[PDB]
Amino acid sequence: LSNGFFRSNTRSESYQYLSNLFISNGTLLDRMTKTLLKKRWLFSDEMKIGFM
Amino acid sequence: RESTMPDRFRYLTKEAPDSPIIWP
């Protein structure tokens, strides 16, 4: 299995890009987690409202 | 009473009254 070290590094770069994108927009997920803890149920219209 | 129901839909589980007929 010479094809096991290739997928791992691809997922590593995917994780790095996801981390770099999530770090800058951390306030969005922070307020959104506060909202989810506040009101138990949650939809996509609330996504688009709370993207600010 | 604890329930797994969202807060937005709470008004949709009650039967609203209707205006009675008046033309007779």
# chains A, B, ... in the order shown; residues from 1 in each chain; ligands from 1
>>> interface_residues(of="chain A", to="chain B", cutoff="9 Å", atoms="only C-alpha atoms", output="list in words")
residues 39, 40, 41 and 42 of chain A
>>> residues_around(residues="stretch 45-48 of chain A", least_positions_apart="2", cutoff="12 Å", atoms="only C-alpha atoms", output="list in words")
residues 28, 29, 31, 32, 33, 35, 36, 39, 41, 42, 43, 50, 51 and 52 of chain A; 8 of chain B
>>> write_last_selection(atoms="N, CA, C and O atoms", output="PDB file, in the first residue's frame")
ATOM      1  N   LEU A  28     -18.162  34.688  13.885  1.00  0.00           N
ATOM      2  CA  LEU A  28     -19.400  34.149  13.334  1.00  0.00           C
ATOM      3  C   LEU A  28     -19.816  32.880  14.068  1.00  0.00           C
ATOM      4  O   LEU A  28     -20.943  32.770  14.564  1.00  0.00           O
ATOM      5  N   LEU A  29     -18.890  31.927  14.193  1.00  0.00           N
ATOM      6  CA  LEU A  29     -19.206  30.683  14.884  1.00  0.00           C
ATOM      7  C   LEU A  29     -19.343  30.898  16.383  1.00  0.00           C
ATOM      8  O   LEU A  29     -20.083  30.166  17.042  1.00  0.00           O
ATOM      9  N   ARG A  31     -20.662  33.758  18.020  1.00  0.00           N
ATOM     10  CA  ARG A  31     -22.041  34.215  18.193  1.00  0.00           C
ATOM     11  C   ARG A  31     -23.043  33.134  17.816  1.00  0.00           C
ATOM     12  O   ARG A  31     -24.116  33.037  18.420  1.00  0.00           O
ATOM     13  N   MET A  32     -22.706  32.287  16.840  1.00  0.00           N
ATOM     14  CA  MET A  32     -23.688  31.312  16.397  1.00  0.00           C
ATOM     15  C   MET A  32     -23.824  30.207  17.445  1.00  0.00           C
ATOM     16  O   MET A  32     -24.937  29.761  17.743  1.00  0.00           O
ATOM     17  N   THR A  33     -22.707  29.811  18.066  1.00  0.00           N
ATOM     18  CA  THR A  33     -22.739  28.875  19.186  1.00  0.00           C
ATOM     19  C   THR A  33     -23.488  29.461  20.378  1.00  0.00           C
ATOM     20  O   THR A  33     -24.247  28.749  21.049  1.00  0.00           O
ATOM     21  N   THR A  35     -25.925  31.570  20.134  1.00  0.00           N
ATOM     22  CA  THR A  35     -27.325  31.506  19.725  1.00  0.00           C
ATOM     23  C   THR A  35     -27.889  30.097  19.905  1.00  0.00           C
ATOM     24  O   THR A  35     -28.997  29.915  20.424  1.00  0.00           O
ATOM     25  N   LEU A  36     -27.120  29.083  19.494  1.00  0.00           N
ATOM     26  CA  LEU A  36     -27.568  27.697  19.615  1.00  0.00           C
ATOM     27  C   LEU A  36     -27.718  27.284  21.073  1.00  0.00           C
ATOM     28  O   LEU A  36     -28.617  26.506  21.411  1.00  0.00           O
ATOM     29  N   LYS A  39     -31.187  29.497  22.097  1.00  0.00           N
ATOM     30  CA  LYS A  39     -32.411  28.878  21.595  1.00  0.00           C
ATOM     31  C   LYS A  39     -32.080  27.473  21.104  1.00  0.00           C
ATOM     32  O   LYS A  39     -31.135  27.284  20.331  1.00  0.00           O
ATOM     33  N   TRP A  41     -33.541  25.208  19.108  1.00  0.00           N
ATOM     34  CA  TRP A  41     -33.709  24.829  17.711  1.00  0.00           C
ATOM     35  C   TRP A  41     -33.314  25.992  16.807  1.00  0.00           C
ATOM     36  O   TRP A  41     -33.346  27.160  17.200  1.00  0.00           O
ATOM     37  N   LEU A  42     -32.960  25.650  15.569  1.00  0.00           N
ATOM     38  CA  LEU A  42     -32.151  26.538  14.740  1.00  0.00           C
ATOM     39  C   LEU A  42     -32.283  26.115  13.285  1.00  0.00           C
ATOM     40  O   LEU A  42     -32.243  24.918  12.985  1.00  0.00           O
ATOM     41  N   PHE A  43     -32.466  27.085  12.392  1.00  0.00           N
ATOM     42  CA  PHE A  43     -32.645  26.823  10.970  1.00  0.00           C
ATOM     43  C   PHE A  43     -31.655  27.615  10.117  1.00  0.00           C
ATOM     44  O   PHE A  43     -30.753  28.294  10.614  1.00  0.00           O
ATOM     45  N   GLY A  50     -27.685  35.480  10.954  1.00  0.00           N
ATOM     46  CA  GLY A  50     -26.574  35.606  11.878  1.00  0.00           C
ATOM     47  C   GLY A  50     -25.201  35.579  11.240  1.00  0.00           C
ATOM     48  O   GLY A  50     -24.206  35.593  11.973  1.00  0.00           O
ATOM     49  N   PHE A  51     -25.115  35.541   9.909  1.00  0.00           N
ATOM     50  CA  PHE A  51     -23.810  35.605   9.252  1.00  0.00           C
ATOM     51  C   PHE A  51     -23.092  36.939   9.461  1.00  0.00           C
ATOM     52  O   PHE A  51     -21.891  37.044   9.190  1.00  0.00           O
ATOM     53  N   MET A  52     -23.804  37.958   9.936  1.00  0.00           N
ATOM     54  CA  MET A  52     -23.204  39.268  10.194  1.00  0.00           C
ATOM     55  C   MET A  52     -22.177  39.229  11.327  1.00  0.00           C
ATOM     56  O   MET A  52     -22.175  38.312  12.149  1.00  0.00           O
TER      57      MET A  52
ATOM     58  N   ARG B   8     -40.566  28.765  17.451  1.00  0.00           N
ATOM     59  CA  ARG B   8     -41.224  29.520  16.389  1.00  0.00           C
ATOM     60  C   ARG B   8     -42.578  28.920  16.030  1.00  0.00           C
ATOM     61  O   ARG B   8     -43.504  29.645  15.649  1.00  0.00           O
TER      62      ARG B   8
END
>>> select_by_dssp(residues="chain B", states="helix (DSSP H, G or I)", output="ChimeraX atom specification")
/B:8-13
